[PDB]
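Notes for the one structure printed next.
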Amino acid sequence: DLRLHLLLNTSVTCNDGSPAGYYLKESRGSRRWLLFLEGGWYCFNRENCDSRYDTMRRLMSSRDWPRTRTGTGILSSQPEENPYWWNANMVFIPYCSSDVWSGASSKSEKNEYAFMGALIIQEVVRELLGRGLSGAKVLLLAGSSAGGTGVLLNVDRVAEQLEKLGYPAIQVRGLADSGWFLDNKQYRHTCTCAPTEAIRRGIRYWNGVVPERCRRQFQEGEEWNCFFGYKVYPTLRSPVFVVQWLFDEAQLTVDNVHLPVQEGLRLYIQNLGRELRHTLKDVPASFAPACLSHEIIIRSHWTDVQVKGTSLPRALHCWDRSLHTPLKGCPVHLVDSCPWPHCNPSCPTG
Ligand SMILES: FC(F)(F)c1c(Cl)ccc(-n2ccnn2)c1Cl
Ligand SMILES: *[C@@H]1O[C@H](CO)[C@@H](O)[C@H](O)[C@H]1NC(C)=O
């Protein structure tokens, strides 16, 4: 249902210099726009990016992209699959920059790869304005995994971009799914590169950019801190809803945890969930189930998980209402308190 458009500005490119793009399904009677950032890890040096180019080329190039994609989960146009925003204008932005959506660097005589994630988002927004986005009332920038961190890094820049283009009435909001990570100690030490070390190397290789207020706090050489949700979120002005499994599989991977569990690992896992829960305590719009999993919002069965009896599509609807005092029976802060994966019976089965 979503049709591919390669960017008209062919200077905004995937890693290999092929044009970036977006998949679009318009909904002509709607002023809601959902722009979804795909995830898919990252690469932080020539050797690891070369390997990714061999066996994950669609994440580095548009040369082999299909002409259409089916919208699923929050990108579905069927109310049965998407109770939240089924009638919205739907945009899926493929992740082909390997930079957690942070890069602003072209391929050149000094750069084998272009890392243009931050510029891809800006260019998609610019080109959509002529396709109906100029009439929008709400632009929800959503994303999963690396795309979820991409929301945190870019939501306020989209807001600033629309303001400077003369569209102050479009309300820009963010939905960060599975992009809220902890710069914690690994369970066993290995660069499965530790989260702190991975981002420090990548940001230099990508010429990565972070939100301005966060950059002003951490300053030169320390911008890697702004890739961590609990540090960047308090600096953001746009409303951001945070979805994060308490025992996220990507978090455990970078922590070198691989799953009978003995005391040391049991304590490690329980402490991880408690730390994640703590970082969400003052995030008013959040959905954090006690599950071992990764991503949720574009899965066809994303409607199934509940926290305290409330599904994610319901919580997002309650968030919409809150952005028109708490709402009777329409909660927006939903964080599990039970301390072990699958202590929530609605967790994905696998
Ligand atoms: F390492 C880390 F720091 F925890 C981190 C960050 Cl900041 C942002 C995105 C990812 N990620 C996971 C899967 N795709 N991207 C990770 Cl794993
Ligand atoms: C194309 O994108 C580049 C990089 O974002 C930008 O500098 C340039 O102004 C863009 N060109 C047009 C015509 O928008």
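Computed over heavy atoms, backbone and side chain alike; hydrogens, waters and symmetry mates excluded. Along the sequence shown, the residues carry numbers beginning at 1. In each ligand, atom 1 is the first atom listed, and ligand 1 is the first ligand listed.
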Check whether the ring centres of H5 and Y22 lie less than 6.0 Å apart, and answer yes or no.
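Between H5 and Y22, the centre distance is under 6.0 Å.
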Quick check, are the ring centers of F228 and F181 under 6.0 angstrom apart?
no
Should we count CZ of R237 as having more than 12 external heavy atoms under 6.0 Å?
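Counting other residues, nucleotides and ligands, CZ of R237 exceeds 12 neighbours.
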Please determine whether the number of non-hydrogen atoms from other residues, nucleotides or ligands lying under 6.0 Å from atom NZ of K185 exceeds 12.
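It does not: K185 NZ has 12 such atoms or fewer within range.
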Evaluate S178 against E295 for side chain to side chain donor-acceptor pair (under 3.5 Å), listing each step before the verdict.
CA-CA 5 Å; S178 296; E295 309 182 330; over 6 Å; no
I'd like to check the ring-ring contact (aromatic ring centres under 6.0 Å, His included) partners of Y205; sequence neighbours left out, ordered by chain and number.
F115
ring-ring contact (aromatic ring centres under 6.0 Å, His included) involving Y268 - partner list, sequence neighbours excluded
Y187
Could you pull out every protein residue that has a heavy atom closer than 4.0 Å to ligand 1, ordered by chain and then number?
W41, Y42, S145, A146, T149, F181, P195, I199, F227, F228, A250, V254
Quick check for students: name every N or O atom pair between ligand 2 and the protein closer than 3.5 Å, with distances.
residue	atom	partner	partner atom	Å
ligand 2	2 (O)	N9	ND2	2.3
ligand 2	11 (N)	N9	ND2	2.9
ligand 2	14 (O)	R126	NH2	2.9

When you check the gap from the basic side-chain N to the acidic O, do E127 and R131 get nearer than 4.0 Å?
no
Check this for me: does any side-chain nitrogen of one of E160 and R157 sit under 4.0 Å from a carboxylate oxygen of the other?
no
